[PDB]
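Shown below, as structure tokens, is a lone chain in the form deposited in one PDB entry; questions about how it binds or moves come after it.
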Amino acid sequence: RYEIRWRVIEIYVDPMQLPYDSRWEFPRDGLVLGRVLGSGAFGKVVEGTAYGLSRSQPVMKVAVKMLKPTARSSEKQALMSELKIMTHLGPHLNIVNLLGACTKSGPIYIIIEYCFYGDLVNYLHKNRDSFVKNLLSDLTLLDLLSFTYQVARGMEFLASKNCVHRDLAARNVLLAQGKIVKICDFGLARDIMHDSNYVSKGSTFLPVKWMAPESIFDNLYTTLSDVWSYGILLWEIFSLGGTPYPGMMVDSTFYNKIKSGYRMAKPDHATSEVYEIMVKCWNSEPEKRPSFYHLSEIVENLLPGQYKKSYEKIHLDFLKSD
């Protein structure tokens, strides 16, 4: 069934034992549902308009997560668990934030931030052929570095909450208005049983091409394994939406080849400094990989100083907005 891939370290936190703060409860007729943004095997994410959800934005475009009407009660529980995890984590500029929920009398709706530009993969495919003050407003290398920095800041936030993503990839990174990057788990809009990014391993389907060796062979997921996935994500960005390990099929050969030390070559549009970051993220020893805090420091030094000021002004607006 559908279940968010995110996990919080307590031994993992059991989301069914977490409380649901009813302050998030939003009346159902305050929500008007629109077209689908992504439809998967267990549910979908649709556009919506929320009335009175924000005092500063009395009429606000949102996104809404929901299951199929045939959802079993155990699938309903999984959606509540994701809802509880999001309230437990709290908000940050660079994650798809929870805004409210409809959990009384009927299907569970999770109301989340609407991201105008969609996922990063489709955004890169849209602007591949076209490849300072307008970086964070409505491609160039600076755009790619802006994406690189904001993902690091978003993952630094998740890491600071002892949260492991476990499916970090460009398909799970959305772009909102102002070119603000927002990490999420968009698995509800996918069918991992019929998606070439997910490979049958054991009794499930896993994003093997994005997974660190310790996650593949030892089922160990840590923030440092997210850093490996972050390096693969950077390959996606600077290849302008390319598929990792192009031409190679995931089989027993692939696992041992990566374990033996094979790594992707530099993407054509990556700088030498950007590729060195990816190489660091792909260290076989997880403790040699840089933390997301250090990654944010490294990438920030690759961007113009005025970008950092523009970022924090947007960040400030986010924190002051209610």
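When you see a residue number, it is the position in the sequence shown, counting from 1.
Below: the form solved in complex with a small molecule, not depicted.
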- Message: Considering non-hydrogen atoms and a 4.5 Å limit, does the small molecule approach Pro107 in the deposited bound form?
- Response: no
- Message: At 4.5 Å between heavy atoms, is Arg171 in contact with the small molecule in the deposited bound form?
- Response: yes
- Message: Can you tell me if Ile237 lies within 4.5 angstroms of the small molecule in the deposited bound form, counting non-hydrogen atoms only?
- Response: no
- Using a 4.5 Å heavy atom cut-off, state whether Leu37 contacts the small molecule in the deposited bound form. yes
- Query: Where, among 293 to 301, 273 to 281, 51 to 59, 38 to 46, do residues come within 4.5 Å of the small molecule in the deposited bound form by heavy atom distance?
  - Reply: 38 to 46
- Note on the structure: the small molecule in the deposited bound form has a heavy atom of only one listed residue within 4.5 Å, and of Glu113, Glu214, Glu156, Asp143 that residue is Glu113
